[PDB]
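So the structure is just underneath, and the comments pick up after that.
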Amino acid sequence: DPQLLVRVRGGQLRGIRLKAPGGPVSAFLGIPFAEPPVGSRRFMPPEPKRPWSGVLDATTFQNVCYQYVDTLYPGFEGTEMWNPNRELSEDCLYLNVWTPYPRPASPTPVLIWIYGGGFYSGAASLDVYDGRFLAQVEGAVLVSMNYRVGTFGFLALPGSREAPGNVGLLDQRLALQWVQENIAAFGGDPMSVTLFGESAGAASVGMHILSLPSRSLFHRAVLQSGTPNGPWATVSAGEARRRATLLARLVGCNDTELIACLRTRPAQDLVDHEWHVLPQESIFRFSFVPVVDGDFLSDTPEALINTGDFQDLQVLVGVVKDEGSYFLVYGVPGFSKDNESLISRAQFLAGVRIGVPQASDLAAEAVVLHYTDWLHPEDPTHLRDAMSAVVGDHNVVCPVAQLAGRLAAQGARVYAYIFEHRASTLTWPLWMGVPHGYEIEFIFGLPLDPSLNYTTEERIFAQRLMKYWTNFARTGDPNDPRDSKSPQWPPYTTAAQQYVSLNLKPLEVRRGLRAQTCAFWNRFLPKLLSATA
Amino acid sequence: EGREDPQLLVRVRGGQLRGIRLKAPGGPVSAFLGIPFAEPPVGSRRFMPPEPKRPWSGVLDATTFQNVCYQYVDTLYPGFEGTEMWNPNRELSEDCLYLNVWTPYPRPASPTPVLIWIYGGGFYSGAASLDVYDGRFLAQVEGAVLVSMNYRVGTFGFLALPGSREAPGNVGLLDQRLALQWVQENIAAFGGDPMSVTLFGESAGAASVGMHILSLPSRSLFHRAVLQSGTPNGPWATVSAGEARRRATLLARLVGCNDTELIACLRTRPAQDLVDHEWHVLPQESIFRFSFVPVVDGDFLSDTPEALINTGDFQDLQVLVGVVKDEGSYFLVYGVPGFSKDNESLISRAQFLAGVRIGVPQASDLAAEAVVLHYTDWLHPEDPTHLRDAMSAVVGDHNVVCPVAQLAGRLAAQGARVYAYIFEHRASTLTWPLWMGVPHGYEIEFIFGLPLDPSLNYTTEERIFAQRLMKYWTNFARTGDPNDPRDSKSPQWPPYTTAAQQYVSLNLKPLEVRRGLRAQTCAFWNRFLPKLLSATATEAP
Ligand SMILES: NC(=O)c1cc[n+](COC[n+]2ccccc2/C=N/O)cc1
Ligand SMILES: *[C@@H]1O[C@H](CO)[C@@H](O)[C@H](O)[C@H]1NC(C)=O
C-alpha cells in the first residue's frame, strides 16, 4: 500500500492504516527523531537521529520515557488512564503522525500535541491522545512526540556542560524541527503549525513561545490548563542545583564527577528518590521541571511575558471548572475519591499550607480568610470546595488569567475558555466536578467512537470542540468562518476580559476570569510574601 | 404660683420646675427644657469631672432650651439645610450642662418606660436641642418619657492629660453619667419608670452608649441600649493615653501653653482659642477622625473597648444596633478631593488611592494597597462610578458597618440579646445629591417621628413608616423586643446571632430578614487588617 510508504530525510517508513468511525486514516507511529539518550547521553541535549537503511516499521507505538508510575488507586480507571501503556525505557525519543487516508492532496494544517504529567510522567501513546479522530473528521495532520521527563529530562546542574537542564524541552524542540523538515512528505503544511498541550504540556508550549529558537518552528499555540508562568512550572538555577545535588546525595554520588556517578545509576534508582527533594510537603509541585537557565529561558517566564513582543501570535487558552480537585486526593488529609471528603476547618487550614507550600504564616492566613465563606465558616461542603478552588486558582486559573492578559496587552490575538462539561463516563466522584485533564478526551474526539459509551449529545459536543480547535489551527480564530448565527467567540482583551463556556449548551460569553480572586493571587500576594519575607 | 397650669409644675431634687405645654400633631405634650444637672463647668472647673447641681430657690423656668456646649461650627456649605440642621441653635457657652424632658400631657398615671437620647457629632459638636431630636412625637404618640442631655464636647469634654488630677479625660462621658443618675433620682416625678431606662444615640452618641455598657458604674443606671451607626470599638471612638497626652500637649503649644502648670494655663484661655485649634492636632490628614474623644484611661474604660467586648459578660443586656445604607458618603464631601455635594463626584483611580490614604489614615502602605485591591472592581478598575461608590464603602465599612458587625457578634456570643437592622429609606425631603444614597445621620428624623408633622412636607408613606420605626424603638425600650406581641401576622424581627447573623431591612416595604452584615468584607477589616498592620514598624502613632 503506497499510502503507507513515506520517505523522510532519514530514510523510509511504513505506517499502518487504522479505522476511525468515519473511515480510514494513515498512522505512522514510533518514528525516531533522535539518537537514544542513553549511557553518556543521559541528561544531555538530544542529537538528531542517524539515517537508517531499508524500510523502518512505523506501525506501532514506541516505548514510554522512563518515569514514575502511580499506584495510589491500583487498577482504578481514573488513575490508570494516565499510566504508561507501553514498556518503560530511556530509549524513548520517538514521535507519532496521523494523516487522512488518502494522504491530503493539499498541504494541511499541522497540530502538534505535547502531553502533560507534571514534567515527571506522560506518554504520547495514551488512548486520550489518539489522533485518528482529528485526522479523519477534520482532515488534520496530527503529531505527538515523547520527551524525557523527571530527572532524565530536567535534572540540571546549571552551568555544567553535561547537565545544562531543559533537555526535555530540547527534545520537544527537536521534534518540532523534524516536523519542519519532514511533515510535507505526509501532506502536512510546515508553514501552518499549531502547538497544543495540557497542564505541563501547556507550560511547555508556553516555554516555546518564550524561547526564540523555538519561534521559527510554529505559528499558533493552545495552552490547556497550564502556563509557563506561575508557581510550579519552573525553578531558579539555584533551586535546581540544590535538588540535583540532594538527589545525587540520596543515591550515593565538581559537577563532572557528580553527573558521571549519576549516569552509572539504574533508571529506577533515580525515580525512587526523585520525589524526595521537594523543600516542603506539597501538592501541585514537581521535583524536576524547566529551569531558568539564562539559555532556553533568558529570564523568568514572568519577566519574559511582562516585556515580550507577541504581535504576530495567536493563542487559545483555557481551564476546566474544577482544576484543583484531582490533586487533593494525593496529598491533603481528609480527601478521597471514595467518600464525600467533607473536611473540618482545621483540615482546611492544614490543606492550605500544603497547597500553598511557599506561603508565610501570614500569606496562608490571607488565603484562609479570602476563601472562607463567613456566612458558613465551619461548613464541611464549603471548606472542601474552597480547598479545591485554592489549589486550582493558585496553580492554573490565575496564572492563566495573568498570561491571557499579558499576551493580549502585548499584541497577541487571544481566545479564552472555561470547560464545564463533566463526562458521563467519568469514574471520579461527583464532588470533584470537572477535574484537571478531562477536557482532553473531548478535544481529541474520543466520543465519536461508539464503543466508548459516551452519550449522543457528547458526540455532538466533541465535534464542536474539534471544529473550534482545528478552525483555530487553520486560521488563528476558533470561529466557524462561514457558519453564521450567534454566538461568536470573541477575543480575550484586557479591557473587557471576555471568555466562553464550553459545555453542552451553546457558547456563552462571560467577562472576567475570577477577576477579584485572581487579583488577590496575582497582585496582592506577591507584595505580601515580599514584605513578610 | 396661682394662675399657671397646674399640670406643668413639678419638683425635683434641686427644686421646683415650671414646664411648657407643647403642641404635637395628635395632641399636647409636657416639656421641661434646660434643667441644670451639674454645676456650670466654667473657670477652675474646666476639664474637670462635673459636680452635681446645687439646689436652687424659687421656681426654675424650664420652658426653653439652654445653652449649647462650646463647639466648632461647620461652615462648608453656608445656608444649606444639609449642614444647618446639625449646627447649634442656642448660644454657645461652657455653662451648658442642662437636660430636657418630654412627657405625655397630662403626665402618665403609671410609671412609664424612659428613653434617654445621647447626640452624636464626633465628640466635638452636637446639642440636645436640635429639631431632629424633638421628643414631642415619641412622647405624644407612644406615651414615652424622653430625656436628652447636653454633654461637653471637644477639648472641654475630652482633652486629657492621663493620670493628672486637673484633666483626667472622659469628663464628657461623666456629664452623661451624671444625667443618667439624675434620671434615676428624679424621673419618677414626671411619671417615668427609673427601673425601665433605655439609652439610645447615634454616631458618637452610639459610641457613648457603648461606653456606658462597658463601664461598671454606668451599668446600674440603665437596662437596655440602642446603638445607631456607631460603636465604642473601632478606629475613631477612642484614643490611647499616650495619644491623648500628645494631642493635649500639642494643642497647649498652639495656644501658648508639669501637668498642673500646663492645664492651669489652658484654663486661662478663651473658649474660642481652644476651639480654633482643636482640629489641628490630628496625626494625619483624615476623615472620620476626631481630635478629642474618649480616652482609654484605665478608669472609666478599664481597658480598650476591643478587649472589654471580647471578655465581658453581657447576659442581662438587650441591645438594638444598626446602620444606614451609605454610612461613608457624608464624610467624603468634606475631606476627600474629587468629592462634592454639587456634582456627581465621579473620581479617577488616582483620586481613589489618595482617598483611601485619607480614609484609612493609620494604614501602612501595604495595608492601604490591600484596601485598594479589595475594593477595586477588577473588571472595571478605572470606572469613575465604581471608584466613587467604593470610596464611600471603604469609609462606611471601616468606620461603622464592620465595627458594628464586630460588636453585634461579640455581644451575641457573650449572652446579650441583640437585634440588628439596616436603614435603607432616603427621605423625599433630603437635600444631598442622589449619589450619597442614605447618608450617616438620616434615619434619626424618622425614629423621632418628624414625618408626623404635616408642615415638614414628608409623604404619607413616610408618616406610616416613621410610625412603624417608633413602635419598634418603644417596644424595644418597653420589653427588650422590638416586635409587637399584639401583632402575629406582620413579619418578625429575629435576634442577631453568631450562627445565623440575621438582621432586617428598614424601609417603606414590610420587614425583610437578611443574613450576614457585609460578612465577607468585614472579615477583611475585622480579622485580616489588624494582622497586616502588625507587620510594620516605622511609623505612625
Ligand atoms: N476637630 C475635629 O475633630 C473635626 C473633625 C471633622 N470636622 C469636619 O468634618 C466632619 N464633619 C463635617 C460636618 C458635619 C459633621 C462632620 C462629622 N460628623 O461626625 C470638623 C472637626
Ligand atoms: C466637583 O466639584 C468639586 C469642587 O467644585 C471638584 O473638586 C470636583 O473635581 C468636581 N467633580 C467633577 C466631576 O466635576
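Below, all heavy atoms of this structure are taken into account, side chains as well, without hydrogens, waters or symmetry copies. Remember, it's 1-based here, ligands and their atoms both numbered in the order they're listed. Letters A, B, ... mirror the listed sequences (proteins, then strands); counts begin at 1.
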Applying side-chain contact (heavy atoms from CB on, under 4.5 Å) to B:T385 and not counting sequence neighbours gives B:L346, B:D383, B:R388, B:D389
Hits for salt bridge (charged side-chain N to carboxylate O under 4.0 Å, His left out) against B:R253, two or more places apart or cross-chain, chain-then-number order -> none
Test ring-ring contact (aromatic ring centres under 6.0 Å, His included) on B:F80 and B:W432; report intermediate values, then the result.
CA-CA 9 Å; B:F80 175 64; B:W432 297 106; 4.9 Å; yes
In this structure, CZ of B:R224 is separated from CD1 of B:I213 (nearest 0.5 Å) by 12.0 Å
For atom 13 (C) of ligand 2, the closest protein heavy atom turns out to be B:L346 O, 3.9 Å
Between B:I358 and B:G335, the two heavy atoms sitting closest are CD1-O, 4.0 Å
- prompt: Do the ring planes of B:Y421 and B:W473 sit parallel (below 30°), tilted (30 to 60°) or perpendicular (above 60°)?
  reply: tilted
Find all protein N or O atoms under 3.5 angstrom from an N or O atom of ligand 1 and list the pairs with distances, or write 'none'.
from     : atom 1 : to     : atom 2 : distance (Å)
ligand 1 : 3 (O)  : B:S291 : N      : 3.1
ligand 1 : 7 (N)  : B:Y124 : OH     : 3.4
ligand 1 : 11 (N) : B:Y124 : OH     : 3.2

Note: ligand 2 atoms sitting under 4.0 Å from heavy atoms of B:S340 are 1 (C), 2 (O), 3 (C)
When distances are taken from atom 6 (C) of ligand 2, the protein heavy atom at minimum range is B:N343 ND2, 4.3 Å
among protein heavy atoms, the one nearest atom 7 (O) of ligand 2 is B:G338 N, 4.3 Å
Hits for salt bridge (charged side-chain N to carboxylate O under 4.0 Å, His left out) against B:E462, two or more places apart or cross-chain, chain-then-number order -> none
The side-chain contact (heavy atoms from CB on, under 4.5 Å) partner of B:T249 among B:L161, B:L254, B:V281, B:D259 is B:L161
